[PDB]
Amino acid sequence: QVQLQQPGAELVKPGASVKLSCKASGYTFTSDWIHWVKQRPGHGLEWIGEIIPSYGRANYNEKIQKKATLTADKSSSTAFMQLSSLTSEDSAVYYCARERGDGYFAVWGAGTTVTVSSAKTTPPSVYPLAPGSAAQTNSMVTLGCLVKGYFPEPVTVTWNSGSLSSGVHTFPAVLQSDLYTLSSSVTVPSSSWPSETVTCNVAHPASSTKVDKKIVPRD
Amino acid sequence: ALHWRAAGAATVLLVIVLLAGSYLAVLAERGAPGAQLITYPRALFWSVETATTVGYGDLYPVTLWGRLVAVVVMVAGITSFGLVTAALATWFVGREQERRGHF
Amino acid sequence: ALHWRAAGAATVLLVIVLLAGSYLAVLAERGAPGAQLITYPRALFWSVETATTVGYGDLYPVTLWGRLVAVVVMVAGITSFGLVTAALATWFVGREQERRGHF
Amino acid sequence: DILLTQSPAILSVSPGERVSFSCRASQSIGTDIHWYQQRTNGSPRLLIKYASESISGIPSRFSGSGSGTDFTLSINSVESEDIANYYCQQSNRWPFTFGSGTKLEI
Amino acid sequence: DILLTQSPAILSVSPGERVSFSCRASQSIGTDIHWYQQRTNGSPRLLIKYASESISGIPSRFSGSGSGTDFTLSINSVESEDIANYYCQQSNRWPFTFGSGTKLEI
Ligand SMILES: CCCC[N+](CCCC)(CCCC)CCCC
Ligand SMILES: CCCCCCCCCO
Ligand SMILES: CCCCCCCCCO
Ligand SMILES: [K+]
Ligand SMILES: [K+]
Ligand SMILES: [K+]
Ligand SMILES: [K+]
Ligand SMILES: [K+]
């Protein structure tokens, strides 16, 4: 029951534009304000603008350059932000937030990762990472999952569809030749493998793809 | 009863003005740097202390349309109080000429 | 006399509202950082300048219940003034139709 | 507008120790400050609204205080799940602004 | 009275780059600040009235912001005709005062 639903990611050519969305479930009062917050990687929160869907009026941040245009559709309960004439400086994560008109942001969206580059969309390549057949196992055996050659960010990785939540490290991606490379690790008991099945779920929203990979011990 | 029609309608009008005025004040004040009348709960109290002409100064509009809304809230509260006071006076007068023997 | 009953009761009601309002304001404002309506002597003067709709702005509530108490003090002082004014008008009218020869 | 300065940038603390972040405004904003939590690759989460009042679902571990130009978010006995980025936001004047942020490390 | 401090005195910027002048008042003046442009051997020209609102005839290149004691005039993509002296003026209190001025060089 995500109150504010946003697309995963968006790829925009330099100089082009994109229309971000924020579908709103839950209670929708006539006093609701939809705010949009920009956040760069490794940076803080920046307020872009607000809009009241019941009236259609929008305000913006005067201290920065007007790259956004806020609209709304009351029939579908979805606010829109039009980012036009994008450069590399506009590549960030854009959240949408609902304010009940009392000052604070009660609920946030998942955020949309907007990437502005001339490179093309490439689906990820998932490779199993099983330990060597001559490696020793303690009471815990660490398994991995290799995700390389994708563009652009991000990618989501789960182990056994989330049931293996504890003991998971997903390392930040590395950019090389307009391509990203990511690795993820999972720590399961040595008795839980290869007895129980372990699978990494890699989803690339920018290419609308999602694949799994069973970690089978090396022959 | 004409005096109870005018007083009864004015009070209903006042309630509509107080609620809409609180809503329209926030809508008109946001977008103006420095404005403090930008949240509905305290804007609801601002409309009351405006219609009753108390006007502490803790909250006030700074924009044109915020001030136009304030004027409407001022006039609504004042005229409603003038009609109710008038309606009470005629009610007491008519009640006073009764009890004696005048109908 | 109905008009003297309503004016006499409203003034009594106003005195109760002024004293209780001064007490309830301090009780509702303490616990809110920044509040200045937190001592009974000056809260007693605040209720008077609120009921009379003077509202200097030297003293005002910042909480919800402090503002709700303020609303009650506003309405009590305004309606009491509206009833007394109405009662005076009917008193003068009845006094004026007397002295001539109308009873 | 109103600039919100957060200190320190990074805050080191031992487990089980009461910690305190600081948020300070360019001018007096009464108690119209709000605190948010943002973990790694996550979305901001409201912890404290209007300086001291709590939020349902947020542990009693978190508490806020202050008024005017000095606000503080405290954590009694910091544990591992408290490791995130903490932001403060004012709603006293238009426009709403955010603090620079404070990272918590254990 | 109210003194308006303009910084910097001279502002160097590359063509096509967003630039920003700063005007600051001795005390809070809300948004009652106004910006003027004066080219070589020319008369002052109103660009921005009341901090952020625009003026007909002036390009959308120019924009203003700020409130209280900190005001800013910005220029998206500076071109050659922007080379002039920029002044700010307050109308919040009597008397009206001007800023010291900022020269723009490309
Ligand atoms: C002698 C001025 C009295 C102030 N009044 C009456 C307050 C009674 C407590 C405020 C109107 C409150 C509806 C009338 C002002 C008329 C302009
Ligand atoms: C009646 C409320 C209308 C408010 C519109 C404000 C528009 C300000 C634009 O600068
Ligand atoms: C009528 C007076 C009641 C005051 C109660 C204030 C409680 C505030 C709790 O935060
Ligand atoms: K008055
Ligand atoms: K007053
Ligand atoms: K006042
Ligand atoms: K004052
Ligand atoms: K004052």
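With ideal geometry, Cβ positions are generated from the backbone for all residues, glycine too; neighbour counts draw on all protein chains shown. Values in this text are rule-based calculations from the coordinates and carry no lab data.
Annotations for the structure displayed:
- Taking the Cα atoms of chain D, the ratio Rg/Rh between the radius of gyration and the Kirkwood radius comes to 0.94.
- For residue E:97, distant residues with modelled amide H under 5 Å away: E:90
- C-alpha long axis of helix B:2-29 to longest principal axis of chain B, angle in °: 0 degrees
- Among B:90, B:11, B:39, residue whose mean-square fluctuation peaks in a GNM of chain B (springs only between Cα atoms under 10 Å): B:90
- Calculated mean residue ellipticity, 222 nm, chain B: -25500 deg cm²/dmol, from DSSP H runs (n ≥ 4) at -39500 (n - 2.57) each, averaged per residue and rounded to 500.
- Positive-end residue of A:18, A:95, A:30, charge dipole of segment A:4-116 with Cβ unit charges: A:18
- FRET efficiency for the residue C:13 to residue A:75 pair, using the beta carbon distance and R₀ = 56 Å, is estimated at 0.65.
- Whole-Hz ³J(HN,Hα) from phi, Karplus 6.51 cos²θ - 1.76 cosθ + 1.60, for segment A:67-73, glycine and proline x: 9, 10, 9, 9, 9, 7, 9
- Karplus-derived 3J(HN,Hα) values for segment C:87-103, using 6.51 cos²θ - 1.76 cosθ + 1.60 with θ = phi - 60°, are 5, 5, 5, 5, 4, 5, 5, x, 5, 7, 6, 6, 6, 6, x, 10, 9 Hz; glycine and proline are entered as x.
- Residues A:100, A:40, arranged from fewest to most other Cβ atoms within 10 angstrom of their Cβ, appear as A:40, A:100.
- Taking N as its residue count, the alpha carbon Rg of segment A:4-116 over 2.2 N^0.38 Å: 1.00
- Most mobile listed residue (A:135, A:68, A:203) in chain A, GNM with C-alpha springs under 10 Å: A:135
- Per-pair calculated FRET efficiency, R0 = 35 Å: residue A:119 and residue A:219 via Cβ, rounded to 0.05: 0.40
- Fewest-first ranking of A:95, A:60, using other Cβ atoms within 10 Å as the exposure measure: A:60, A:95
- Sequence-distant contacts, meaning Cα pairs under 8 Å at least 6 residues apart, place the relative contact order of chain D at 38 percent.
- About its Cα centre, the dipole of segment B:22-97 is roughly 120 debye, where the only charges are +1 on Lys and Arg Cβ and -1 on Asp and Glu Cβ.
- For segment D:81-97, backbone phi angles converted through the Karplus equation (6.51, -1.76, 1.60; θ = phi - 60°) give residue-by-residue couplings of 6, 7, 6, 6, 9, 10, 10, 10, 9, 9, 10, 6, 10, 7, x, 5, 10 Hz, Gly and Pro being listed as x.
- Members of A:19/A:74; A:148/A:214; A:63/D:49; A:19/A:67; A:38/A:120; A:13/A:63 lying beyond 19 Å, as alpha-carbon distances in this model show: A:63/D:49; A:38/A:120; A:13/A:63
- Between residue C:92 and residue E:50, the FRET efficiency from the beta-carbon distance, with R0 = 51 Å, is close to 0.45.
- Summarising the amide proton neighbourhood of residue D:39: residues at separation of 5 or more, or on other chains, whose placed amide H is nearer than 5 Å comprise D:85.
- Separation between Cα centres of segment B:62-95 and segment A:120-175, rounded to whole Å: 71 Å
- Based on Cα contacts under 8 Å between residues 6+ apart, chain B shows a relative contact order of 34 percent.
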